[PDB]
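Those letters in the sequence shown? Residues 71 to 308, per the working numbering, in order.
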Amino acid sequence: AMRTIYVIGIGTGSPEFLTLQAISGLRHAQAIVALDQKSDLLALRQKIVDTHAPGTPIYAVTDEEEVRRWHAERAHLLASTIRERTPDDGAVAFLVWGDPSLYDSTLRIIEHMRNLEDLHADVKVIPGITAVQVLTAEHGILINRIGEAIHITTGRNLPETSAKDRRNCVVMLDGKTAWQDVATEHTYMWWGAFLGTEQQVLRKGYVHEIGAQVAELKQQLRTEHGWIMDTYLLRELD
Ligand SMILES: C[S@@+](CC[C@H](N)C(=O)[O-])C[C@H]1O[C@@H](n2cnc3c(N)ncnc32)[C@H](O)[C@@H]1O
Ligand SMILES: [Mg+2]
């Protein structure tokens, strides 16, 4: 009939964040794919699979005109791999850090690939715990004040974000230190890096007070580990 493609959120930093639904999907997949270096992450991901889908290898796919050429080749690669490793009624799982819906290209890639390679499949998305949810849980805070909007955005977008939206915003994908550029005396920040993991680091306080310190810390950690992923929440406590 058709194959099932599970797109499975595997959470952030720890195997404890996996849902029952995710575990069922992993255990029923006849093949596992991940579109991707960060050795710590590869190791965490393998640990999740070793625990729940032991005996199933992870097929990890890694990267002008060249990008467009790579996408076509990647599409052919994915379709061929799926057809080889699963029967016509079988199931493949794609692993996605956090939740598949949030700042991730896997679903888009799958949809493009299916169209280009004429791959008949039922796509089923399985939610997972996002970095945002780990940040708020580890700090023991609410993501909003009563009735308040929540603006989730990127470091690149932050300087162009309205003051009104910056009253309660979550910032992802910040390669720099964008809190320094938008803070007032009332701006409070909850920050975290390597959330969920044994190398988790949390900081909080007024940007007035801690912003330069966290900027220094983020560089220290990046030099040490070779990379860093942080998420933070800014709130105007006026
Ligand atoms: C490519 S997006 C993927 C988001 C993912 N789908 C999710 O639901 O969390 C990567 C961004 O997520 C955040 N991030 C992911 N893992 C993190 C972690 N363990 N600690 C802190 N931030 C993390 C950072 O903002 C990072 O730049
Ligand atoms: Mg205040």
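For each residue, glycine too, the CB sits at the ideal point set by N, CA and C.
Where residue i falls: helix, strand or coil (DSSP)
| i | result |
| --- | --- |
| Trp260 | strand |
| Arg215 | coil |
| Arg236 | helix |
| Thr254 | coil |
| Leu88 | coil |
| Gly281 | helix |
| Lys246 | coil |
| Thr151 | helix |
| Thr74 | strand |
| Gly266 | coil |
| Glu134 | coil |
| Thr82 | coil |
| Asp300 | strand |
Separation of residue j from residue i, as counted between CA atoms
| i | j | result |
| --- | --- | --- |
| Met183 | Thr176 | 10 Å |
| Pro127 | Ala101 | 7 Å |
| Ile216 | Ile199 | 23 Å |
| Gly245 | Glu134 | 23 Å |
| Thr224 | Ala253 | 16 Å |
| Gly275 | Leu88 | 30 Å |
| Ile213 | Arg155 | 42 Å |
| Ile196 | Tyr76 | 7 Å |
| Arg237 | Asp300 | 20 Å |
| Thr267 | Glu306 | 29 Å |
| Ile93 | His221 | 31 Å |
| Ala104 | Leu172 | 16 Å |
| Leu189 | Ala149 | 7 Å |
Where the alpha helix (DSSP H) through residue i begins and ends
| i | result |
| --- | --- |
| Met183 | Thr176 to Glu187 |
| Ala123 | Where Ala123 is concerned, there is no enclosing alpha helix (DSSP H), given that its DSSP letter is neither H nor E. |
| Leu105 | Here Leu105 belongs to no alpha helix (DSSP H); instead the beta strand (DSSP E) covers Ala101 to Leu105. |
| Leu205 | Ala201 to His209 |
Range covered by the beta strand (DSSP E) that runs through residue i
| i | result |
| --- | --- |
| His221 | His221 to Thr224 |
| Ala191 | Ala191 to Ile196 |
| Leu165 | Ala161 to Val166 |
| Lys274 | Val271 to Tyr276 |
| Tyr173 | From DSSP, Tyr173 is part of no beta strand (DSSP E); its letter is neither H nor E. |
Legend entry - Any heavy atom of ligand 2 nearer than 7 Å to the CB - residues listed: These are the residues, in chain order, with a beta carbon less than 7 Å from any non-hydrogen atom of ligand 2: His256, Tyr258, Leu307 and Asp308.
Inset, instruction - Would you list the residues whose beta-carbon is nearer than 5 Å to any heavy atom of ligand 1, in the order they occur in the chain? - result: Here the residues come out as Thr82, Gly83, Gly168, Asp169, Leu172, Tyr173, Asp174, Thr200, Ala201, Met242, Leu243, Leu265, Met299 and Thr301.
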